[PDB]
């Protein structure tokens, strides 16, 4: 089975899924390998090839530092790359239903990883289930991360910043030019991603170069107005110059620094990426999106506030316990192997870890707002409070503020609150409904009865898969057949959202009302 693209013929492989067939094209190149003189530059378009590219396996993952905090632990190694690391990594994957669809809606996945790590070949991003069940076309791409994808000396075309975002954008360009040959509809393309991938998706709503490359957007546990999402240009310059000094590349002529870094081998850059920031936190984004004046023409907060974004429908949501995952990466008294019951003192030292450059009054304000106990006696109180502090500040409240600002300019928005803890979650119970563990349900992994998800989890995954596909195809995330509850539009006034759980489903209003008033209105003033 062979498909002719604008740059050459590609050969896929047939897969058996749920008694049916899905055709997979793994590892299709979409740019020149950013090697040598092309390192740190924007991605270059492909040149023709006369042969047949055998797109039969996942391609290389981009260079990145691997999470080594828990060796042998599936809870952390599930996120580590499962293919070879290489600078030659800008490839994409396409899952098409069998037989070839006529005009199928396309879903483009942008993985997360704090803009430092990630790859499209992860088991939990396997798009064959969605292609099998909803007969949509799933596309995922690899984009450069870390310094190799986001180092910025702005205005300098040798290292202008946002290369990884331009990598994603060139992949969307590829879908627009080629997906029709796979039976796809280039006019029905929905981007979706998680965490830094969701922040990437939200930035594509702002980028002028991305306006006509997709139709709708889904933002899972992330948005560009999150505190970790966008680095200022003065911060980007210091961290670029800091990396230069650590590698012996400090030159006067800024163009010379880049060429020096272009001749350091990738691992010297990787080992030094960690030390470019002096005030580290578990949510530190060493090299990330900047206002480059090309992909991003202005400060994203300004464009969001004044309505300069693509007018379309969005699907946004968060998980119940977004913050717990980061506590075991620095917070004192916390561990994945005990119940992490902390004292008031350890809670306060935890605030210093996550809010290092915040005044003493600002941290007393955080403490005051998160210690109005329902029950004074619960030993879990400070443990769960710091989890809620990290989760609301870094994910939930930014996501809610984005959805409210976006809907204020007339577009339909839908907000969800995912609150089911996976029965196969390798992390301890106290970490709850963790950041990143709605992804398996979105991609339909519980529909595979071979894994021992509950039957309730298969039903929940089946319903979420239908809502996601219905949003991509029709702009409305309803599940109309099985007498579900209707998902109402999120409006700036009432602010309704939908809970996703195995037990029931409810329409609620004003999620984290008191908490997000503090983080979004008051806390920026301290």
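Numbering follows the first chain given and starts at 1. Take the two forms, superpose them, and find the largest set of C-alpha atoms that agree within 1.5 Å; that set is the rigid core.
Engineer: Consider 107-115 and 355-363 separately and indicate which one has Cα atoms farther, on average, from the shown form in 9 other deposited structures of this protein after rigid core alignment.
Structural biologist: Higher average C-alpha offset in 9 other deposited structures of this protein goes to 355-363.
Engineer: So if we fit everything on the core, which stretch drifts more in 9 other deposited structures of this protein, 307-315 or 280-288, C-alphas only?
Structural biologist: Stretch with the higher C-alpha RMS distance in 9 other deposited structures of this protein: 280-288.
Engineer: Determine if residue 440 is unmodelled in a third or more of the other PDB entries compared for this protein.
Structural biologist: That residue is present in all of the other compared entries.
Engineer: Tell whether, across the other compared PDB entries, at least a third have no coordinates for residue 254.
Structural biologist: No, modelled in all of them.
Engineer: If you average the CA temperature factors over each stretch, which comes out higher, 350-358 or 190-198?
Structural biologist: Per the deposited B-factors, the answer is 350-358.
Engineer: Would you mind comparing 463-471 and 43-51 for me and telling me which has the higher average C-alpha temperature factor in the entry?
Structural biologist: Result: 43-51.
Engineer: Checking the record values for 499, 478, 65, 482, which has the greatest CA B factor?
Structural biologist: That would be 482.
Engineer: Which one of 324, 105, 403, 250 shows the biggest C-alpha B-factor in the PDB entry?
Structural biologist: Highest C-alpha B-factor among the listed options: 250.
Engineer: Based on the entry's values, in what third of the chain does the Cα temperature factor of residue 518 lie: lowest, middle or highest?
Structural biologist: Lowest third - that is where residue 518 ends up once the chain's C-alpha B-factors are sorted.
Engineer: Sorting by Cα B-factor within the chain, modelled residues only, which third would residue 337 end up in: lowest, middle or highest?
Structural biologist: Its C-alpha B-factor belongs to the highest third of this chain's values.
Engineer: For the chain shown, is the CA B-factor of residue 79 in the lowest, middle or highest third of its modelled residues?
Structural biologist: Residue 79: CA B-factor falls in the middle third of its chain.
Engineer: Considering only modelled residues of the same chain, in which third does the CA B-factor of residue 374 rank: lowest, middle or highest?
Structural biologist: Top third by C-alpha B-factor.
Engineer: Quick one: classify residue 388 as lowest, middle or highest third of the chain based on its Cα B-factor.
Structural biologist: Middle third.
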